[PDB]
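Visitor: Chains B, A, C, D and F, in that order, are what the protein sequence lines are.
Each residue of the first sequence is one higher than the last, beginning at 323 in the authors' numbering.
Residue numbers 323 to 532, 543 to 559, 570 to 582, 594 to 608, 617 to 690, in the authors' numbering, belong to the letters of the second sequence in order.
Each residue of the third sequence is one higher than the last, beginning at 323 in the authors' numbering.
Each residue of the fourth sequence is one higher than the last, beginning at 323 in the authors' numbering.
Residue numbers 323 to 525, 547 to 555, 572 to 582, 595 to 605, 614 to 628, 664 to 688, in the authors' numbering, belong to the letters of the fifth sequence in order.
Idealized CB from N, CA, C, for every residue including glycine.
Next up is a structure, given as structure tokens.
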Amino acid sequence: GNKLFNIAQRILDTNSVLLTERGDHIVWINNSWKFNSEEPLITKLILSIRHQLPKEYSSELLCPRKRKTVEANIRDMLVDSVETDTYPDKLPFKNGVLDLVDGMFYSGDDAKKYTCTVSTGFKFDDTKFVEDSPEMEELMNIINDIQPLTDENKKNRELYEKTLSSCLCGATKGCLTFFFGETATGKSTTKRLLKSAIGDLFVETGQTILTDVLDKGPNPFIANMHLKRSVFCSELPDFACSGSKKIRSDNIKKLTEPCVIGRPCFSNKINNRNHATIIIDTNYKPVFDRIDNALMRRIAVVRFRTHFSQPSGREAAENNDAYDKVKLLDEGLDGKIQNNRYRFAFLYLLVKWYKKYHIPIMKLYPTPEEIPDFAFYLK
Amino acid sequence: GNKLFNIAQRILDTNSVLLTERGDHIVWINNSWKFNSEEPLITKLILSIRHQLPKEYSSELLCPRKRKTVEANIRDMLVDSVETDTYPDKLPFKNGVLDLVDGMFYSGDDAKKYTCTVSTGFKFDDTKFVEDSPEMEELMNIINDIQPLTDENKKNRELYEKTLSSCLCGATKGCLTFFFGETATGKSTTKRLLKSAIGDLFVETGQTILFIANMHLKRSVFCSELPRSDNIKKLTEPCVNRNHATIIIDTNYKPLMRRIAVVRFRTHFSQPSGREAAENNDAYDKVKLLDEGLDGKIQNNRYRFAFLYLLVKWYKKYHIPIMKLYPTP
Amino acid sequence: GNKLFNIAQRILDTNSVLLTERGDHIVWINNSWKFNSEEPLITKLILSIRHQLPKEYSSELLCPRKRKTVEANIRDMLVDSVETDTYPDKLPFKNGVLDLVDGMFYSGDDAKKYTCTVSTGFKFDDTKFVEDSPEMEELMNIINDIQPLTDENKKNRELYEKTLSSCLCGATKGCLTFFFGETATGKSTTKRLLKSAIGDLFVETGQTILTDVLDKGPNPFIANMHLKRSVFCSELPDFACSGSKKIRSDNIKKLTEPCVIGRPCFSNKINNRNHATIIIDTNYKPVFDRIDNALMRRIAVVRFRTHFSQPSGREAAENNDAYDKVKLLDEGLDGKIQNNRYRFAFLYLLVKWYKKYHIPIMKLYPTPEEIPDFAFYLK
Amino acid sequence: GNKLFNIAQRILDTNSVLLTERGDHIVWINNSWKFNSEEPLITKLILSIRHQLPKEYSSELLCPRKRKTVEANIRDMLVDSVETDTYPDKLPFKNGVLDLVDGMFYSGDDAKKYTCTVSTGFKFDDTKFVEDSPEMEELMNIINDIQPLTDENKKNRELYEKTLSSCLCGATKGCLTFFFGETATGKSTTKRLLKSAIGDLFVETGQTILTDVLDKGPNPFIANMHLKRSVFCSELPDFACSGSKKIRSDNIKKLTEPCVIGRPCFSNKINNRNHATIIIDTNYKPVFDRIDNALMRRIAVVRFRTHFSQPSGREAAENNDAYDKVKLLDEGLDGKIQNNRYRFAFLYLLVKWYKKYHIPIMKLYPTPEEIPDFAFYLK
Amino acid sequence: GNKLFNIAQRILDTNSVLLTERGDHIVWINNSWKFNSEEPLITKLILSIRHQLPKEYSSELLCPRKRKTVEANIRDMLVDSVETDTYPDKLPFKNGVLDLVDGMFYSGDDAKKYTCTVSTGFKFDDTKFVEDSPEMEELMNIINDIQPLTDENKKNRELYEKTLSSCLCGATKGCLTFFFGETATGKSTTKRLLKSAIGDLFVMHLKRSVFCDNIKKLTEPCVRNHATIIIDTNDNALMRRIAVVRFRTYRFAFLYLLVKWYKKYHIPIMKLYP
Ligand SMILES: Nc1ncnc2c1ncn2[C@@H]1O[C@H](COP(=O)(O)OP(=O)(O)OP(=O)(O)O)[C@@H](O)[C@H]1O
Ligand SMILES: Nc1ncnc2c1ncn2[C@@H]1O[C@H](COP(=O)(O)OP(=O)(O)OP(=O)(O)O)[C@@H](O)[C@H]1O
Ligand SMILES: Nc1ncnc2c1ncn2[C@@H]1O[C@H](COP(=O)(O)OP(=O)(O)OP(=O)(O)O)[C@@H](O)[C@H]1O
Ligand SMILES: Nc1ncnc2c1ncn2[C@@H]1O[C@H](COP(=O)(O)OP(=O)(O)OP(=O)(O)O)[C@@H](O)[C@H]1O
Ligand SMILES: Nc1ncnc2c1ncn2[C@@H]1O[C@H](COP(=O)(O)OP(=O)(O)O)[C@@H](O)[C@H]1O
Ligand SMILES: [Mg+2]
Ligand SMILES: [Mg+2]
Ligand SMILES: [Mg+2]
Ligand SMILES: [Mg+2]
């Protein structure tokens, strides 16, 4: 009858192409559900699936004139929407999906059932997600240095591990984490390690969403933070000075609900999924316009204490009261972070921490017995 | 005469395509009227209706270059506009239409008569719209926990009843409902339950209104995070876009007098650690242990059809003769 | 079986075309990776590679109707992304790549391995990169006039050399360098020499990035400093006047991060790589909103002392305390800089300085004692 | 092998089409490098060069469909970018290039070497560029009435000559000139004479470039003054009033740098070559925010003294100290300026002045002693 | 020659498509001059006029690729613009034009002559514009209740009648009218009755009634301003533009009485006293 239509029928039989409720056409090639709303990746798939059809159905796909007709057919046989990103406890890599509860790796058809559109962005090398390795040893030493495992720093350490490991599951976190710490303490190093670990599922935005009207006009910062598991926020200046705007109370509640509102540029989708762990890398005590019970149950704070300095300024940091330990700075560490030498080691550590506090359920608990004004509000 | 034109005339004979006064062409496929003013959904229909024309008129529709000629023809015959969404006592699902006065579910050609261009977005599973089911029991318990049926809170429960059941009719209401209450009282829980129930007929906007292009033919609009009297009057009018939705405001403090209704939340949910800190507070009348796993089984839509049946029974209790909302000064 | 497809397969074999994570299709023509998001530069490569295939596959390549079919076929085979600009110690010219650790010049296939998308913009002439030449002698005299090799000007000269030579490596710099100095001193001369030396890998922006929230709406100034290796910021108004806004302290923290957030116009990429050395051509001592140890470890200051003047006002400059030496102005010097007379000589000087302080590892230290308020804050 | 490709190769052999670093395909037709970055002017070339190819390659180019194939090919052989507007002592007319150092006119191939993208906009009539003509006599009378050749008005006349003549050279001038003078004195007359003389290479902007932040958002006033050789700025209001903001000094400092920073509408290029002589048609004494040494060496001023008035108000002008000689208003003069009666006469006068002060090296010197506050800052 | 050219010539012969000075291509289908410079409606007319041409010229209009050719020919054949809404005393209904000088109703080609772009929004039922109707009795009673016909309220009711009748003709009014009155009096009811009466042409270009230096910027021919401006509230150059009526205490019938009121004081000319 029509060969260019039977080809589309066969391609639709394998369920490689799907249409989501957002209007996009997610496509499954190279063991990853991919989407991009300026280029029809479907015409890629037609070529990639070419070596799966009968011989006479494959020699006709080597022509862009006959590979946009089949795309036109396929685009008119996708009438029903399919919901995506349902399973929260999955980590999607550019070549499969890893199950967190048991630490096994899926590939091919086994990874297709869990429709995870957003991926980490890098392949999952099997012979690096190991327990014993020199990189793992030095990473563990570095993490011990950043957060010492002492008795009075045990609750803080466990909260640090909980917050870091929470940036792996796609559930809607109900709390925001503050990263208060003084100069040269380890906040940015932890951020870079996390970014090299989880990859594409990690975005850092500005402080506009923290304190501004996140409703007027286009705001791509909210638009990019859709299905992103980890969100970081720098730009936390002191609010004790004149002219500095306080952190808006309603923004915290707006960022903690399971479907945030925000329109990108040249579009009208104002619904964005909220899988993000929102971490606010600050340097001073933050303040809010008003304090109420609607905020003391949404703030979690972890304190970084150990400091890294050169020997010249070593003696100037020993007497500081906000400082609990002065370690030696490593000038070459930041070089071997962007080189991704501690990528899979940190991934293994994060998975081990995840299957230690979030196995039954996931929930981040607030802890306001760490903010002075919140302490005043708590009698 | 002309095959590609007889095909278009036959497709227009079935009345599967109609032109709305808003300038958008509505499409009838999979037992639901859909529209999208950014794509020629019409070219979808011309393929689906392929199994309704004779064999010689069907093999010619497997060709995208020949499925835009007939689409152009169809677009050039739709001159007379036809009104849409005129029945207010109907609820459209992705696979049919449910009547509210009777509770009977219409599907197929019977669903085509009511031109409902909007829909909830999910298929109406038949063996879930039942009265007795464990999910219904636990949902009913949750609703009682949020709003107990005490002698003092009977009028408040009745007003909450009317307001929630009002999120089913396609007419224009004339009153704005507030959700004043303290923290951990169930406002967001009620919003999420209603999202699981009614689905797509649901939008939440910012505080600027107190965006507008999205509140067209929707049946429920909300605005949370409340930290203009003329806007209340501008919203309760039947042309803002058809204002067929009810407006609910999720606030925490105390925020024309004949257009505002307020329903209060008294129950407080807390962990055992902070239980004692809420017993002595006057803002709550009862404190119950917080359910950590309840939020998880909402996005799963475990209590979707249970709340839908509750809403239908709830509607056929106050709005059967007419629909109207009375302000509480 | 298909000539238009075999041509694309052969082109893909040579790895002349690659796809970057930024959605860009970089192209290898004339010993340089070129890219233009507004022009399918691929069709240039598709033509220029025409003298590499068999004769039957070459005469078919002289047709624009069959040269967009090959680019259509190629655009559906680039499914994976390739990371670009990873090697930090390389300098890309429009006809090759120069290795900094040895001074060797690489071209052809040896230049293809280091994927350096951004290049200087000019060819590398071999018979100019020499130590003995009149241009080199007069440039050395010029530089010794700008920064004399005295004993009190020894540390400043070394810091000046380090800062100037750092604008060759693609690493990230965590230190901002100011160019404080009085009028007619030679800041703009150094800027122009640097621009003539490195070419495209050099931009100058406004002072908004220093004192403004670079998040609100589009900000092309942040958007253009992507993979640039040197960024100058002139227009430093005196902040002692009323209504002048002080330098935003957190912008300094942002500019030293490995990746910055800023959106361009008519696009939606908020991730900009930061290879830039930020130099602030100022005329007065800068002030900030707040001073903290998180700022004093990011700032280094060089001093320009020698003054250039006409003989009419020479006596009025001898008694000034802001100049340690008065030299005779050269009217024609500003002419033979835009003529690129001192281009390869300054490039040789920069390379010679680079293989003197940045060979083991690159790092720019701060000099907090050179600022009055900073000097107050240590004690 | 392919006629449509050999035609493009032959066209590229004559170097009639070039690719600029700004992304524009400059075209060489009618002895003028023309470009327009909204319509591909190349096609005009493809037709105009039609009478230079063999006959078999000529009658074919009469079809618009063919000329899109040749243009599509030519767009694909231009990889090497070219620099433009390098020679400063050349004046480009719509039909050639005039050499300023000899007063000799070039047209044709010898005019192609100096790649000058911007032209005056009118043909150069050879039989008007003469010493003796009635128009020359009346223009000389007009100019001697505007600036009399007295002994006390000799330096001012020379500075007026130098400032006017500097609007012919393509180098970057480093000084700002004012046209201070009272009412009905001859400032707009000089502006209109200059506009009729140099034509396109002359723009007039507002005071935004002088007293405003030319960095926030789009600002076309800085995008039009790219490669323009003269920029007039009238409407300098009295700053003695309330709310009137002073002239920004850093604006002056940026207006005299080789490339100025400013973005246009619907584009992203920020750098524009500053070949402009900046003249401010002021009416009152200007004041700035802060006064320093960096502002002394960028400010020059000429004073207009002769007053033109009707005989009715002639008596009221004799006793005024702001005027040194009262002439009679010529009502018909303004009419015979927009008719370009004194176009080539003033062009010859400007060239004669150019070969009197700018032959060895072109430089604009300041006059800081002609302003009261500046004189106060002077010692 | 060309069939596709003679078709365009015939279509322009009937004067169905016209070009306006605003850059629009008004088109004539369903007995209404409907225009929209966002949707090229012209193609529809090429099909609509399809059953008016010879069959040889009509059987080639069943092709979209040969109906953008006729549209192209027509589009570059309309060189001279036309002006619209030149007859103030007309009322455009979706099925014709109602003359206001006498009250006769027109439809079709004779309705095509009046180039009115903005219609009332509803069709004109022929067997409702009658004097005797129970709904007309009810509306008359409602009007009497709102504005009693007393002697002390005769000037007030006369000015009320004139102000209401002004919102029927398309000329340029030059007097603002006030509705100063207390709550629960019937001003909003009057507005609703007026909106049901005249429909689309009551809401600000080509509109005939508006509800609410400005008093001068709202009383000049071009802002075109065809609307009587009335504000629903609770220098010598200013007194000559303000008229006040005080409030103290059924669509086609309302149109009928409006027409009768109009043909009582504005038959020679229209002008509203302050
Ligand atoms: N375990 C470690 N051992 C040695 N050096 C370390 C270790 N962890 C981090 N460092 C180094 O110590 C320095 C700490 O800088 P870091 O970016 O963590 O500070 P910060 O808290 O972000 O500072 P700022 O307040 O200025 O933002 C870096 O150079 C980092 O590479
Ligand atoms: N019937 C119930 N029984 C037990 N727990 C419940 C019940 N209803 C709700 N909860 C729990 O109580 C929690 C309180 O959150 P809730 O949705 O009431 O917040 P909210 O009113 O929006 O808060 P805020 O005022 O701080 O913005 C819910 O998240 C849910 O887990
Ligand atoms: N070594 C040198 N020998 C002679 N002349 C020099 C030398 N170095 C610079 N000059 C000249 O001295 C002047 C220095 O001014 P320059 O243009 O470099 O700006 P600057 O000193 O930063 O000015 P300002 O601070 O006032 O903006 C220029 O005219 C330059 O040509
Ligand atoms: N040499 C001359 N002889 C006679 N009349 C002249 C001569 N030069 C100029 N004029 C005339 O004198 C008048 C002066 O007008 P002009 O444009 O010079 O004023 P202006 O300085 O721009 O004005 P203002 O400062 O009042 O705004 C004009 O009518 C001009 O034509
Ligand atoms: N004369 C009347 N006839 C019928 N209904 C009336 C009359 N006067 C007032 N009403 C009723 O009063 C209600 C409110 O009147 P309203 O329009 O608010 O008065 P006002 O114009 O002073 O605001 C209306 O719904 C209307 O039905
Ligand atoms: Mg940091
Ligand atoms: Mg809430
Ligand atoms: Mg300078
Ligand atoms: Mg003037």
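In three-state terms, what does DSSP make of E480 of chain B?
Guide: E480 of chain B: helix per DSSP, three-state reduction.
Visitor: I want to verify the contact list: residues of chain D whose CB lies under 9 Å from the CB of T391 of chain C, in sequence order.
Guide: By Cβ distance, chain D contributes nothing, its closest Cβ being about 13 Å from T391 of chain C, past 9 Å.
Visitor: Determine, using beta carbons only, whether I351 of chain A comes closer than 8 Å to chain B.
Guide: It does: the Cβ of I351 of chain A has a partner Cβ on chain B nearer than 8 Å.
Visitor: Shortest alpha-carbon distance to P633 of chain C belongs to which of C:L617, C:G496, C:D652?
Guide: Closest by alpha carbon: C:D652.
Visitor: For chain A, find out if any of its Cβ atoms is closer than 8 Å to the Cβ of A394 of chain B; answer yes or no.
Guide: True, the Cβ-Cβ gap to chain A drops below 8 Å.
Visitor: Count the C-beta pairs between the stretch 568 to 576 of chain C and the stretch 572 to 579 of chain D that are closer than 8 Å, then say yes if the count reaches three, no if not.
Guide: Short answer: they don't touch.
Visitor: Are the Cβ atoms of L672 of chain F and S487 of chain F separated by less than 8 Å?
Guide: Their beta carbons are under 8 Å apart, which means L672 of chain F touches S487 of chain F by this criterion.
Visitor: When you compare only the Cα positions, how much space is there between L617 of chain D and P586 of chain C?
Guide: Rounded to the nearest angstrom, the two C-alpha atoms are 34 Å apart.
Visitor: Measure the beta-carbon distance from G528 of chain A to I583 of chain B and round it to whole angstroms, keeping in mind my assumption that it falls under 8 Å.
Guide: Confirmed, Cβ separation roughly 7 Å.
Visitor: With respect to 7 Å, is the separation between the Cβ of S359 of chain A and the closest non-hydrogen atom of ligand 8 below this value?
Guide: No, the Cβ of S359 of chain A stays beyond 7 Å of every heavy atom of ligand 8.
Visitor: By DSSP, does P414 of chain C sit in helix, in strand, or in coil?
Guide: Strand, per DSSP.
Visitor: Check for me: the beta strand (DSSP E) holding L650 of chain D runs from which residue to which?
Guide: Element bounds for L650 of chain D: 648 to 650.
Visitor: Assuming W355 of chain A and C438 of chain A make a contact with CB atoms under 8 Å, what is their CB distance in whole Å?
Guide: Indeed, because the Cβ distance is near 6 Å, the residues count as touching under 8 Å.
Visitor: Any idea if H373 of chain D is buried or exposed, counting beta-carbon neighbours within 10 angstroms, 16 or more meaning buried?
Guide: Looking at its Cβ environment, which holds fewer than 16 other Cβ atoms inside 10 Å, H373 of chain D is exposed.
Visitor: Run the proximity test for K509 of chain D: is its beta-carbon closer than 7 Å to any non-hydrogen atom belonging to ligand 9?
Guide: Yes, the beta carbon of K509 of chain D sits closer than 7 Å to at least one heavy atom of ligand 9.
Visitor: Residues of the stretch 555 to 579 of chain C in Cβ contact with chain D at a cutoff of 7 Å, in chain order, please.
Guide: If the cut-off is 7 Å between Cβ atoms, the stretch 555 to 579 of chain C has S556, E557, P559, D560, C563 near chain D.
Visitor: Straight-line CA distance for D424 of chain B to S455 of chain B?
Guide: Distance between the alpha carbons of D424 of chain B and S455 of chain B: 21 Å.
Visitor: Between the stretch 444 to 461 of chain A and the stretch 665 to 683 of chain A, can you find at least three pairs of beta-carbon atoms closer than 8 Å?
Guide: Touching, yes.
Visitor: Do you know how far the Cα of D603 of chain C is from the Cα of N615 of chain D?
Guide: One C-alpha to the other measures close to 16 Å.
Visitor: For ligand 3, is there a heavy atom less than 7 Å away from the beta-carbon of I464 of chain C?
Guide: Because some heavy atom of ligand 3 lies under 7 Å away, the Cβ of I464 of chain C counts as near it: yes.
Visitor: Kindly give me the distance between the Cβ atoms of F502 of chain C and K649 of chain C, rounded to whole angstroms, as I take these residues to be in contact under 8 Å.
Guide: Contact flag wrong, Cβ pair sits at about 19 Å.
Visitor: Over the uninterrupted alpha helix (DSSP H) stretch that includes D335 of chain B, give me the two end residues.
Guide: Run containing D335 of chain B: 325 to 335, per the alpha helix (DSSP H) assignment.
Visitor: Within the present structure, is the beta-carbon of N605 of chain C separated from the nearest heavy atom of ligand 3 by less than 7 Å?
Guide: Yes, the Cβ of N605 of chain C comes within 7 Å of a heavy atom of ligand 3.
Visitor: Residues of chain D with CB closer than 7 Å to the CB of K366 of chain C, please, in chain order.
Guide: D398, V401, listed in chain order.
Visitor: Restricting to runs no shorter than 3 residues, where is the beta strand (DSSP E) found entirely within the stretch 484 to 543 of chain D?
Guide: With a minimum length of 3 residues, the continuous beta strand (DSSP E) runs that stay inside the stretch 484 to 543 of chain D are 498 to 500, 525 to 527.
Visitor: Is there at least one Cβ from chain C nearer than 8 Å to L369 of chain B's Cβ?
Guide: Yes, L369 of chain B counts as interfacial toward chain C.
Visitor: Are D411 of chain D and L422 of chain D close, meaning C-beta to C-beta below 8 Å?
Guide: Yes, they are a contact pair.
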